[PDB]
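To begin, one chain is listed below as structure tokens, in the form deposited in one PDB entry.
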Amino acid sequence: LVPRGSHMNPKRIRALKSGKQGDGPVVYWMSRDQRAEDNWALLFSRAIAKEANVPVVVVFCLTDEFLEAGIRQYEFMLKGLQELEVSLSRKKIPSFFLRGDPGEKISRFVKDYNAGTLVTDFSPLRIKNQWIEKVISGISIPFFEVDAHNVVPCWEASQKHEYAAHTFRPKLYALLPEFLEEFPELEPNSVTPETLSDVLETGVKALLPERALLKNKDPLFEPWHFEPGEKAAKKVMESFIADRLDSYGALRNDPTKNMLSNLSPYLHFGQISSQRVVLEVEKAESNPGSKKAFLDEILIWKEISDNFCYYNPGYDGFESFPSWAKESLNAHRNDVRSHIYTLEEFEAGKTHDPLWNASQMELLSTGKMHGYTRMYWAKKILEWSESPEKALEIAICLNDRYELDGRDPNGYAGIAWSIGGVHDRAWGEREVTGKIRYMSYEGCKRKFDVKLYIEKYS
């Protein structure tokens, strides 16, 4: 229960576990949505706290899986969290950063701090479901989840996997009048109920030996492309609206032009609300076509990615591909590939294709490959791998290791679109790739200045 007129639509919250309510603070276990503003999970947690006459507190687990990615993501996330600490402190909301995996750490915290209710944000990924299962086994209090990432809650937008954007789109757009709304301000707590710097230091030291380096032993990553945190995210949104949105419709598929929003790293960590971005873009007057194209990406393609992962347990495997694509890829399994590269050769941009290599270098150096070349990149991994299963493994590995926005439903769904035709149709049949949409080098040369892209990233 929340207080009458709290402005919380109950369709945004799902019970994970019934239990017996305790009398202490409401705990928001923050995971996907690393921000204080425009956060329905935090807002719901505050509202339940107010109804129960207790404070809200935030807990975040610094998990054991950080070593599976790089310094680039760890520093981006933790610097955001340092700013978040302050934001939450200004609302008199304490934040606790627990070192370890959620099952042990969240269970113990709930007991030690006498928590009344536990609330988390929503992610459809396997690792969050693993964590939920272990937490559920370790607690006796009620446990809810709130979809703070999507404009329309994932379980409301559709009751099933949607095979195409054109089947999901009408369902989603029909629910915007209900779910696309302004956020209430977060009410502070009535009274105030190892530092992150130390953790960051220790974590970086553990990651240092696996840092991406050029032949010179100088690091590849350039950390000045995306300043982390809530405040920076808002400035990137504003600069997008002011300077890039007008040309987005025309230039979104030109990797030589900096005309995308550049919001993905911030959206991935939830340092900015996609609902906020949509409210601001909807209000803007910009060139015809650009708003339509942008909203299709941040509403339809982003939210269909959650739909995909939520409703397909095997979202990172061949089995989740559509029947037509599985049958087609199987028919061409024994076709001889034109090249076969090792993971190391792919990783280091050592293929015979200079466009592919440049795309990989953009990823290595900036942590954000242009959206258009991501499609090209993943499709060539299918073409130059022993099997579609190996291609998935390779693409996922590199995406997750090097993209700031990686380890994300958008990645799994984008890779599945690219390699497996998920959310696509059948195209002309070719050897090796069957009926999976093909993106040729020469097609790219016709579409944009390939030589310039290659010069930029070599």
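Sequential numbering from 1, following the sequence displayed. Rigid core here is just the name for the largest C-alpha set that superposes within 1.5 Å across the two forms.
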Residue 193 not built in a third or more of the other entries: yes
Count class of coordinate-free deposited residues lying between the neighbours residue 193 and residue 194: 4 to 9
Greater mean Cα temperature factor according to the PDB record, 425-433 or 394-402: 425-433
165-173 versus 213-221 - which carries the larger mean C-alpha B factor in the record: 213-221
Selection from 308, 179, 109, 240 [criterion: highest C-alpha temperature factor in the record]: 109
Of the residues 128, 134, 90, 231, the one carrying the largest Cα B-factor as recorded: 90
Third assignment of residue 288 from its chain's C-alpha B-factors: highest
Third of chain Cα B-factors occupied by residue 64: highest
Chain third (lowest, middle, highest) by recorded CA B-factor, residue given as residue 144: middle
Chain-relative CA temperature factor third for residue 419: lowest
Relative C-alpha B-factor of residue 121, binned into the chain's lowest, middle or highest third: lowest
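If you look for the form deposited in another entry, you will not find it shown, but the lines that follow are about it.
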Displaced residue between the shown form and the other one, judged on C-alpha after the rigid core is fitted, out of 86, 242, 208, 331 (threshold 2 Å or more): 208
Large Cα shift (2 Å or above) at residue 424 between the shown form and the other one, core-fitted: no
Core-aligned C-alpha movement of residue 51 between the shown form and the other one, 2 Å or more: no
Per-residue C-alpha change between the shown form and the other one, residue 389, threshold 2 Å, rigid core fit: no
In the other entry, whether the C-alpha atoms of residue 214 and residue 448 sit closer or farther than here (change of 3 Å or more): farther
Direction of C-alpha distance change in the other entry, residue 91 to residue 199 (at least 3 Å): closer
